[PDB]
>>> print(open('entry37.txt').read())   # compact mmCIF, C-alpha atoms and all ligand atoms
# COMPACT_ATOMS: atom_id res chain seq x y z
CA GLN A 22 153.37 9.98 114.43
CA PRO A 23 150.91 12.39 112.80
CA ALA A 24 151.22 16.02 113.93
CA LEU A 25 147.57 17.10 113.96
CA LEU A 26 147.43 19.80 116.64
CA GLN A 27 144.73 22.35 115.82
CA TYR A 28 145.66 25.94 116.59
CA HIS A 29 145.15 29.49 115.38
CA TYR A 30 145.72 33.03 116.58
CA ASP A 31 143.46 36.06 116.85
CA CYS A 32 144.48 39.71 116.60
CA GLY A 33 142.95 41.93 119.28
CA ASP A 34 143.07 45.65 120.07
CA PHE A 35 145.95 45.67 122.58
CA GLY A 36 147.37 42.19 122.09
CA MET A 37 147.04 38.84 120.35
CA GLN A 38 146.14 35.32 121.47
CA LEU A 39 147.48 31.96 120.29
CA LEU A 40 144.97 29.16 120.91
CA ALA A 41 145.82 25.46 120.74
CA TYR A 42 143.43 22.53 121.25
CA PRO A 43 145.31 19.36 122.18
CA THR A 44 143.44 16.06 122.35
CA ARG A 45 143.88 12.88 124.41
CA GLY A 46 144.76 14.74 127.60
CA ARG A 47 147.85 16.27 125.99
CA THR A 48 149.03 19.78 126.77
CA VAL A 49 150.98 22.51 124.97
CA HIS A 50 153.96 24.56 126.09
CA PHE A 51 154.79 27.79 124.26
CA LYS A 52 158.26 29.12 123.52
CA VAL A 53 159.13 32.48 122.00
CA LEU A 54 161.86 32.41 119.36
CA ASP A 55 164.23 35.31 118.70
CA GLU A 56 166.27 36.08 115.59
CA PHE A 57 169.16 33.95 116.95
CA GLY A 58 167.06 30.83 117.36
CA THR A 59 166.96 31.05 121.15
CA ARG A 60 163.85 29.58 122.80
CA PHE A 61 162.23 31.50 125.67
CA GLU A 62 159.79 29.59 127.87
CA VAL A 63 156.51 31.45 128.21
CA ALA A 64 155.45 32.11 131.81
CA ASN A 65 153.05 34.58 133.33
CA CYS A 66 154.88 37.90 133.39
CA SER A 67 152.66 40.96 133.58
CA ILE A 68 155.42 43.49 132.83
CA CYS A 69 156.20 41.50 129.64
CA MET A 70 152.48 41.30 128.78
CA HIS A 71 152.59 37.51 128.63
CA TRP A 72 149.87 35.34 130.14
CA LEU A 73 148.84 31.70 129.93
CA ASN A 74 145.24 30.57 130.29
CA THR A 75 143.14 27.49 129.62
CA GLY A 76 139.83 28.17 127.93
CA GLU A 77 136.52 26.70 129.03
CA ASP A 78 136.67 24.51 125.90
CA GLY A 79 139.94 22.92 127.02
CA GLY A 80 142.06 24.99 124.67
CA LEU A 81 145.35 26.45 125.84
CA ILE A 82 145.86 30.18 125.30
CA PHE A 83 149.03 32.26 125.09
CA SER A 84 148.15 35.96 125.17
CA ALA A 85 150.75 38.55 124.29
CA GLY A 86 150.38 42.29 124.35
CA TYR A 87 151.49 44.02 121.18
CA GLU A 88 153.98 46.00 123.30
CA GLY A 89 155.19 42.96 125.27
CA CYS A 90 158.50 41.13 125.40
CA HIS A 91 159.93 40.00 122.02
CA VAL A 92 157.03 41.44 119.99
CA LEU A 93 158.62 43.31 117.10
CA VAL A 94 157.29 45.97 114.76
CA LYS A 95 157.95 44.97 111.14
CA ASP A 96 156.36 46.59 108.08
CA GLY A 97 153.90 48.41 110.33
CA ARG A 98 152.80 45.17 112.01
CA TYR A 99 153.36 43.40 115.32
CA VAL A 100 155.23 40.12 114.85
CA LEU A 101 155.92 37.33 117.32
CA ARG A 102 157.48 33.97 116.41
CA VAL A 103 156.33 31.11 118.65
CA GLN A 104 157.05 27.39 118.94
CA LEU A 105 154.21 25.13 120.11
CA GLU A 106 155.31 21.93 121.85
CA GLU A 107 152.59 19.28 121.88
CA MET A 108 153.32 17.27 125.01
CA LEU A 109 152.20 14.20 126.86
CA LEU A 110 151.68 14.56 130.62
CA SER A 111 155.03 12.77 131.02
CA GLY A 112 156.80 15.87 129.67
CA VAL A 113 157.87 14.45 126.31
CA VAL A 114 157.32 16.52 123.18
CA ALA A 115 155.25 14.53 120.70
CA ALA A 116 155.39 17.22 118.00
CA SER A 117 156.71 20.74 117.58
CA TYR A 118 155.04 23.46 115.51
CA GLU A 119 156.21 26.94 114.56
CA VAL A 120 153.90 29.88 113.84
CA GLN A 121 154.60 33.51 112.99
CA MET A 122 151.85 35.66 114.49
CA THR A 123 151.45 38.84 112.42
CA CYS A 124 148.95 41.44 113.59
CA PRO A 125 146.98 43.07 112.12
CA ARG A 126 146.46 40.44 109.42
CA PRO A 127 147.65 39.82 106.80
CA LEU B 25 190.56 32.04 129.66
CA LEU B 26 186.75 32.05 129.46
CA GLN B 27 185.55 31.58 125.88
CA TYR B 28 182.85 34.02 124.79
CA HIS B 29 181.68 36.11 121.85
CA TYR B 30 178.67 38.22 120.87
CA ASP B 31 176.52 38.66 117.78
CA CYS B 32 174.85 41.80 116.43
CA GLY B 33 171.40 41.05 115.03
CA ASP B 34 168.76 43.19 113.35
CA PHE B 35 166.70 43.86 116.51
CA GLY B 36 169.04 42.95 119.36
CA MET B 37 172.28 41.27 120.35
CA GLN B 38 173.38 38.14 122.20
CA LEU B 39 176.46 37.28 124.27
CA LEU B 40 177.54 33.62 124.39
CA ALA B 41 179.88 32.24 127.06
CA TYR B 42 181.32 28.72 127.39
CA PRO B 43 182.45 27.99 130.96
CA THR B 44 184.53 24.90 131.67
CA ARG B 45 183.80 21.79 133.75
CA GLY B 46 181.67 22.63 136.77
CA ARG B 47 181.99 26.41 136.44
CA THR B 48 179.18 28.80 135.58
CA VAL B 49 178.89 32.42 134.48
CA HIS B 50 176.84 35.20 136.05
CA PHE B 51 175.87 38.20 133.92
CA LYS B 52 175.37 41.78 135.09
CA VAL B 53 174.45 44.86 133.06
CA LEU B 54 176.65 47.92 133.62
CA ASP B 55 175.67 51.58 133.38
CA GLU B 56 177.98 54.59 133.06
CA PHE B 57 178.20 54.78 136.88
CA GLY B 58 179.49 51.23 137.34
CA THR B 59 176.26 49.84 138.82
CA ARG B 60 175.81 46.10 138.29
CA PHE B 61 172.22 45.19 137.39
CA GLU B 62 171.01 41.64 137.91
CA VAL B 63 169.39 40.12 134.83
CA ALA B 64 165.87 38.72 135.13
CA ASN B 65 163.68 37.30 132.36
CA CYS B 66 160.45 38.93 133.57
CA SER B 67 161.48 42.52 133.07
CA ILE B 68 160.68 45.66 131.11
CA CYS B 69 164.38 45.99 130.18
CA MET B 70 164.16 43.49 127.28
CA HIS B 71 167.06 41.29 128.38
CA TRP B 72 167.16 37.57 129.05
CA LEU B 73 169.30 34.62 130.13
CA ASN B 74 169.18 31.09 128.71
CA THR B 75 171.24 27.91 128.71
CA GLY B 76 171.99 26.43 125.30
CA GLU B 77 171.61 22.80 124.31
CA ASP B 78 175.42 22.55 124.47
CA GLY B 79 175.52 23.90 128.04
CA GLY B 80 176.60 27.37 126.92
CA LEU B 81 175.06 30.45 128.51
CA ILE B 82 173.29 33.08 126.42
CA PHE B 83 172.61 36.71 127.34
CA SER B 84 170.06 38.34 125.00
CA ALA B 85 169.40 42.10 124.79
CA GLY B 86 167.05 44.16 122.63
CA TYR B 87 168.50 47.34 121.15
CA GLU B 88 165.83 49.48 122.85
CA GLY B 89 166.36 47.96 126.30
CA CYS B 90 167.69 49.33 129.55
CA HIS B 91 171.18 50.80 129.64
CA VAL B 92 171.75 50.38 125.91
CA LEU B 93 173.42 53.65 124.91
CA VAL B 94 173.89 55.33 121.54
CA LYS B 95 177.54 56.27 120.98
CA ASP B 96 179.09 57.21 117.63
CA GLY B 97 175.91 56.15 115.85
CA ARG B 98 176.02 52.67 117.39
CA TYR B 99 174.28 50.74 120.16
CA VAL B 100 176.53 50.07 123.15
CA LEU B 101 175.81 47.74 126.08
CA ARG B 102 178.41 46.93 128.72
CA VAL B 103 178.11 43.59 130.51
CA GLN B 104 180.17 41.96 133.25
CA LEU B 105 180.76 38.20 133.20
CA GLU B 106 181.60 36.60 136.53
CA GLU B 107 183.06 33.14 136.11
CA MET B 108 182.11 31.23 139.24
CA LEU B 109 183.12 28.00 140.93
CA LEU B 110 180.57 25.61 142.41
CA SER B 111 181.60 26.97 145.83
CA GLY B 112 180.12 30.39 145.04
CA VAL B 113 183.53 32.03 144.63
CA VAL B 114 184.25 34.30 141.67
CA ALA B 115 187.13 32.72 139.74
CA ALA B 116 187.41 35.48 137.13
CA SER B 117 185.68 38.67 136.05
CA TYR B 118 185.40 39.94 132.48
CA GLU B 119 183.94 43.13 131.04
CA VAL B 120 182.56 43.29 127.50
CA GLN B 121 181.37 46.29 125.49
CA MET B 122 178.90 45.03 122.90
CA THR B 123 179.00 47.50 120.00
CA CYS B 124 176.47 47.06 117.21
CA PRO B 125 175.68 49.26 114.21
CA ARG B 126 172.79 51.70 114.29
CA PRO B 127 171.06 53.29 111.29
CA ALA B 128 171.50 56.96 110.50
CA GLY B 129 168.11 58.41 109.62
CA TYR B 130 167.17 59.98 106.28
CA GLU B 131 168.75 63.24 107.53
CA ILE B 132 172.13 61.87 106.40
CA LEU B 133 171.08 62.79 102.84
CA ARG B 134 170.43 66.44 103.85
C1 LIG C 201 165.00 32.55 131.78
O1 LIG C 201 164.30 31.51 131.09
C2 LIG C 201 165.12 30.39 130.72
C3 LIG C 201 164.24 29.46 129.91
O2 LIG C 201 163.76 30.08 128.72
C4 LIG C 201 165.70 29.74 131.98
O3 LIG C 201 166.56 28.67 131.61
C5 LIG C 201 166.47 30.77 132.78
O4 LIG C 201 166.91 30.21 134.01
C6 LIG C 201 165.61 32.00 133.08
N1 LIG C 201 166.38 33.01 133.77
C7 LIG C 201 165.93 33.77 134.78
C8 LIG C 201 164.52 33.51 135.24
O5 LIG C 201 166.64 34.61 135.32
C1 LIG C 202 148.50 33.21 134.67
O1 LIG C 202 147.68 34.37 134.53
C2 LIG C 202 146.33 34.07 134.13
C3 LIG C 202 145.62 35.39 133.95
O2 LIG C 202 145.61 36.14 135.15
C4 LIG C 202 145.66 33.17 135.17
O3 LIG C 202 144.36 32.84 134.70
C5 LIG C 202 146.50 31.91 135.39
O4 LIG C 202 145.94 31.13 136.45
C6 LIG C 202 147.92 32.32 135.75
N1 LIG C 202 148.77 31.17 136.08
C7 LIG C 202 149.22 30.21 135.26
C8 LIG C 202 148.80 30.27 133.82
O5 LIG C 202 149.95 29.31 135.67
>>> encode(input="entry37.txt", output="C-alpha cells", more="lines below")
Ligand SMILES: *[C@@H]1O[C@H](CO)[C@@H](O)[C@H](O)[C@H]1NC(C)=O
Ligand SMILES: *[C@@H]1O[C@H](CO)[C@@H](O)[C@H](O)[C@H]1NC(C)=O
Amino acid sequence: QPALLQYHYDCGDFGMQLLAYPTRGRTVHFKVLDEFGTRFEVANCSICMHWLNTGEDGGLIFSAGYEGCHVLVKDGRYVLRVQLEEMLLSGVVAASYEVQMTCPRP
Amino acid sequence: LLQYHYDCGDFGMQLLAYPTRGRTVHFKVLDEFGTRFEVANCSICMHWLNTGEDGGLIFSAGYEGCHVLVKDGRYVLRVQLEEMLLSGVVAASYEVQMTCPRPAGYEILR
C-alpha cells in the first residue's frame, strides 16, 4: 500500500496554496489540524479565506489566506498544519499525509 | 450531570462535553450582556464545533476571537452548554467561564 501522493505548497503574497496530484482517478480531502489534534474539514468559506479548486492539470488545490482561519503567526511566519487524505471515489482513505505549511520559506 | 472540561492551549482553548445515550449538546457564546451567539464554522470569530471519534463534542476558540475578554491578565470566554433530548427539549443548561493565562508584556520589567 505505497503512499506516493505528490504534493507541494507555494507561498504567495496574500496567501498560500497546497497542491496535490492524485493518480488513478483518486481525489484528496484537506483537513486543518489545531494544537489539540482536532481535524477541521476544509470547505469554501470566504470569510475564513479558505477555497478549494481543481487545476487544469487535474491537481487539487487548497488555498488559504495568510490571515484566514487557523493560520498562526510563529517566529514571524504564517503557519498552517494540514492533513491530506488520499481517497478513492468510494470515500475510503487510502493514505494520510501531514504537512506543515510555513510561509515565507524556510 | 453532564461531563465536560476545557483545555488552555498556546493559541486557543477547547471545551469538551460528553453527553449520554441519545442526548446532544448545543453551544452558545455569551457576552457581558447575556446574548447567546450561535457557533458556526465559517466565521470571522475564530470558533468551531466538531464531533470527536468517541462521539464527544468539541468547541474550539482562538484567543483573539469574538467575545474573548481580557480580565486580570487572562483570556476569558463564557459559553453556555444546552444538553438536549432527541425531542428538541433542553434537558439541562450549564454555563462555563473558560479562563486561560495571558502573557504580560515586557513592561512588567519596568
Ligand atoms: C464544523 O465542521 C465539522 C467538521 O470539521 C462538522 O462536524 C460540524 O458539524 C461543523 N459545524 C458547523 C458547520 O456548525
Ligand atoms: C469554491 O470556490 C472556488 C473559487 O471561487 C470555486 O472555483 C469552486 O467551484 C468552489 N466550490 C467548490 C470547491 O466546491
>>> interface_residues(input="entry37.txt", of="chain A", to="chain B", cutoff="12 Å", atoms="all atoms listed in the file", output="JSON, numbers by chain")
{"A": [53, 54, 55, 56, 57, 58, 59, 60, 61, 62, 63, 64, 65, 66, 67, 68, 69, 70, 71, 72, 88, 89, 90, 91, 92, 93, 94, 95]}
>>> closest_residue(input="entry37.txt", among="B:96, B:89, B:46, B:60", to="residue 115 of chain B", atoms="all atoms listed in the file")
B:46
>>> residues_around(input="entry37.txt", residues="residue 29 of chain B", least_positions_apart="6", cutoff="8 Å", atoms="only C-alpha atoms", output="list in words")
residues 39, 40 and 41 of chain B
>>> atom_distance(input="entry37.txt", atom1="atom CA of residue 45 of chain B", atom2="atom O4 of ligand LIG 201 (chain C)")
18.9 Å
>>> residues_near_point(input="entry37.txt", point="(172.3, 55.7, 111.7)", cutoff="12 Å", atoms="only C-alpha atoms", output="number ranges by chain")
B: 94-99, 124-133
>>> closest_residue(input="entry37.txt", among="A:23, A:46, A:33, A:79", to="residue 108 of chain A", atoms="only C-alpha atoms")
A:46
